[PDB]
Structure formats: structure tokens, C-alpha cells
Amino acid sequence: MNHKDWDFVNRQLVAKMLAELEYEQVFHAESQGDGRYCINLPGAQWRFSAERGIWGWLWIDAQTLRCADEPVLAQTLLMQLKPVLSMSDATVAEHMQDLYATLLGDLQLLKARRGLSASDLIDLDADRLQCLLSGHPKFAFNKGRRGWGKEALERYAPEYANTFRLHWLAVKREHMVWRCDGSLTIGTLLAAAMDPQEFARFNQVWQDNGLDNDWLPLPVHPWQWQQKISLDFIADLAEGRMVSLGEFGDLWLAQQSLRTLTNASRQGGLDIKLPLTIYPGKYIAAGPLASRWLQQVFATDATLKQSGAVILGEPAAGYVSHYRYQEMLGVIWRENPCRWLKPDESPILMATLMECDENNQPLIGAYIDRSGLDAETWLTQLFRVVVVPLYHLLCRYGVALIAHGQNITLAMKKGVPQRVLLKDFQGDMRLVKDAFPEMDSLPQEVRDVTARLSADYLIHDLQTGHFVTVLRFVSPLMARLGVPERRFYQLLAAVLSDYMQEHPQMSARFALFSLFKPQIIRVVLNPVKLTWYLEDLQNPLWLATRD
């Protein structure tokens, strides 16, 4: 299966690259009629069969790809793009490593997902299913990670689903900022990361190094310790300002975000997020107060209460001071979904709904079959669970949240989405420049670290961020299950129309944040990102409402 898989993974990636770059208007595909297209580059022509969806984005059949008689390889296409994107020799070598890092991961997913139907795939352990997700749907090399070779990818990247222990440091209390809140204490957090047996071994070394209550334990991602801290802070280690204790405790598993880890040894309700310096103190310390505010909003607001939306909090955070110390040394503790989940509930990332099995059966169809609901009622439930809370939060409180497939978690019970769980706010949270009374409750500590922008800036966080970057990849799979894209977005508009009817006192707010303008504003093609005039395209919400 060596040669067969290598060709399949290269074809899938070439098709992903061509389709997204054509949607970004880097080049324009010419119709050859009969569902056949060609895309012309300098010194090469790509021919294939495709169908153009409601967003203007091509659904390319990877098996039909032809480049004359050259073998279909992503490496070949990348070299053909050097003149198109005006890349230096070094910029190409960087993308090669990101390119080959992606093919390696895609080969792993192909091997690990073999013989598994969509029904099989949705029955995996939630943490294993998350590991097997294809990754970010927009970026060409979505598993490239600067400086990570085959060893680091396999040990720490999620698509390999390997586990590892954390490295532990000791730091003087006067050197660290600690924002732990509520009933949590260091001993509790340590108990979440170490079983009583490892905590004793940890304490033994703690006393063997002559440390006392003036020092605090700091966990460190082993890659961060291996590549950055053991070297960049070697002076602090030799002088004694910091002490390296070694690896202790439970085994951890990487999520799609790579920096946030799930405990695989003991399901304890707290995830951990650690620095990974691949490519400050105020922003990291305000999150615990931003979560506390959004939690109060979702509890009070009836519309958000009724949607079931959950705000996963950050109860504890830390970093080092006396700027490099702050970004590279620190820890954040996050609330695991299992704290808020019912016994029969299971979490999935919404990106799961973009997946298909070996035989191109969408996983979303597997959920629908198990729900016993017809597709239309199932989609309506999904839209009321996901889009209504986010749009209501924006129009009422002037608050925008990044709504991607990898930071939206769905609670699933017997194939139905029960409610949404949100977890990422910090650098991803934005506010409206307008002064809404409903925003007066926000602490200044958060206002100063969060960007405030005009309404048209914030729509994209929901149009581009959720509709273009998530729904664009779900509606084609529904079209394959008997729900055309036109109908798909009719249901979304109806959920949004019904919702706005129910809040006539916000008539003006909805005009200020309209999702039904005939066009959507584009993001300029400023340096085309391949790794994790006034131009506009047609809005499916407006297009599907017209006779």
C-alpha cells in the first residue's frame, strides 16, 4: 500500500491547493464544458473534473487530476507556484518542509482510518476521533509546524495520537505571576497531573534539590524544554534562578490546537495549555476575568440560556517575569468538557462534520441516521445550537468570538447536537467600536487588551470565520445526502429570520450586523498564507432567499 497511498495523498493535496487558491482568485479556472475544468499556470496546465458550489469554491475530483503526463505531486505544484506567488528559494524550502510534514500526517491518517466506516468513526473515543481529524480545511499545508521534523511530529502532533509526560521546573515565587481563582490550589492542580505515586517521587526530588516554599512547580511541554528552554535559558539554569526537575506524572495527548493537551491517564476535568515557541503578560492574565464575564452573560441572558451554550473557563494561569520569559514560560489550565457533560453526552469538534470515511460517506450522515431525524430538522437543530448564540452575543453585547471548526465543540447524544461548548477567547475576542449599554459591565482590564473595531470588521468573524471557513465545507456533503446547498442555507436563514423576529427591540442592531447583504466583502490576498480593487462575492444567505 506504499505507492497507492502516496499517490492518493498527493492527489488530495493538489486538489485542495488548486481549489482554495482558485477560490482566493490567485488564478481562475476556465470551464472546458462537461464538468471539466482547466487551470493554467506558467509552464503547466492542470485538467480535472469539478463542480462549483454555492460559495464559488470548486469541488475537485482528485482522481481526474492531470498535468500533461507529469506525475501528480504536491511538490511539483508548489514549484509551479514560485513565480505566481513570488517566493524566494528559502521561502520555497520552508513550504517544502511544511508540505512534506502534511503528507506524512495525511499518510498516518490514511493508515489509521483504514477499514473504518463513518459509523465506526463516530463511535471512537472522543479524544481519538479528534486526533483523526483531517486538520484545518483552508490552509494548504495544515500540518506544517516550523522546526518540527519527523520525530517531533510523531511524538507531539495530534494526527499521530501519541502521549507523553510533561517536564517540570522550579521557579522562585517572586519571579512568577499566578492568577489562580476560586477554590483551586497548587496541590489540587498537581493532583490533576500526578497520581499519588508520582507526586511523592516529585517531592523527593523537590527536597533533594533543597527547594522549599519559596519555589513553585512549573510544567513545560517536553518539546519546549528540549528545543527552547534548556538552551535559551541555560544561563538561568546554571545560575540557579531556575531548577530542572525532570519529567513526572500522567501522560498527555495533544489536541488540534497542539498547545492544549488532554490528560490520557486520568480523566480529571482540566486540560493544560503550554507554550510552544515556533514562530504579553497582560493578555495572558486577563482571560480568567474575560471567561468569568462571558459565563455571567450566558447564565443571565435568556436567549443564551435557552440555547444551552457553555463557556469553558480558565480557572488558573501563570507566567514568568524578569518579555521572553512571559511568552516562553507559563501555564494555563482550561476546563474540560466532561465537567459540564451529561452521562450519555459525547464531545466532538464541529470540524468532524467535514469528514468522510474511506468510501466517501460523510460522518454527518452517520449522525443523522442515528438521530432518527430527517436531514432538514437535524440541520435546523445544529443552526439553533451554534449560530444563534454567537450572532446574539454579537448583536446584543457587541462581542465577537472566533467560530472555527476546531474551537467549536458540540455535545452529542444519539446523533443529535445537544448544545455548543466554547473555549477559546483571549487574542481571539473582539469588540465593536460602538458603545453598547450592554457592554458597560465589561471590566476595563479586558477592554484594554481587546481590539475594538467597526461593525463591518466583526461580521467577518462570523461570515468568513464560521460560514466561509466551516459551513462551506459541510454543505457539499449534505448536497450528497439529498439536501442541496440552496436548501442548506435556506434553513440557516430561516433560523436567523425566526430568531430576529423574536427580538424586534434589536431591529437596529440587526441592520448594523446584517448577514443578508447581497455581497460579502473579501479579505485581500496580502501575502498568501499556505500554512496554519474592491472585490466581493455572492452571499448564499441572500442568494438562497430569491425566487
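Position 1 is the first residue in the sequence shown; the rest follow in order.
- Missing coordinates between residue 532 and residue 533 amount to 10 or more residues of the deposited sequence.
- In this entry, residue 279 and residue 280 are separated by 4 to 9 residues of the deposited sequence that lack coordinates.
- Higher mean CA temperature factor between 535 to 543 and 9 to 17: 535 to 543, per the PDB entry.
- Of the two segments, 517 to 525 and 24 to 32, the one listed with the higher mean B-factor is 517 to 525 (C-alpha atoms only).
- Within the selection 399, 289, 229, 152, the deposited Cα B-factor values reach their highest point at 289.
- The entry assigns its greatest Cα B factor, within the set 123, 355, 127, 214, to 214.
- When the modelled residues of the chain are ordered by their C-alpha B factor, residue 68 lands in the highest third.
- Annotation for residue 362: C-alpha temperature factor in the lowest third relative to the rest of the modelled chain, per the entry.
- When the CA B factors of the chain's modelled residues are split into thirds, the value for residue 100 lands in the lowest one.
- For residue 504, the recorded CA temperature factor ranks within the middle third of the chain's modelled residues.
- When the CA B factors of the chain's modelled residues are split into thirds, the value for residue 371 lands in the middle one.
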